[PDB]
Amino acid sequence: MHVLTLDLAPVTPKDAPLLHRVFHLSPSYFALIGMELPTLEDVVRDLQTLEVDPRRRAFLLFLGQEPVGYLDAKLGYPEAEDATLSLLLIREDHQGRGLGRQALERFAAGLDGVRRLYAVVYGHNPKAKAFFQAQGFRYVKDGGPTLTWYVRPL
């Protein structure tokens, strides 16, 4: 059986163990960007940091009770009127079923009053670049060797 509708649950520091597990079930992403899997202590610290920023919009992605991804954006960056998506991750066993597109469309639906939505891609990740272009994000610039910027009007 399949749950179809993806729920976007706002993340809090008590979610650290669940977000840790999502990252640990996504090893290929961390290898691609040249990083060890995050420690639980690292995930806690990162959640404490986003907790105190009123403009961060971060979510665990749920199918029923199962955490199957993570979405992290910042309103008001690069400009006050815009938003930027810094991470969209679907757990590796749930990739290729349209959940990335669903998460993006559900998130963008909530941004009436925002002007443009940027996405920043880290490292040599052409698969992610192909995904964002397919969803209507055009290339803006590269941000040095490690970063590439894309944008979609709302």
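Don't overthink the numbering: it's just position in the shown sequence, from 1.
For the pair 66 to 74 and 123 to 131, the record assigns the higher mean C-alpha temperature factor to 123 to 131. For the segment pair 54 to 62 and 28 to 36, the entry gives 28 to 36 the higher mean B-factor, averaged over Cα atoms. Taking the deposited Cα B-factors for 136, 10, 143, 13, the highest one is held by 143. Comparing the C-alpha B-factors of 90, 114, 43, 85 in the entry, the top value falls on 114. Sorting the modelled residues of the chain by their CA temperature factor places residue 99 in the middle third.
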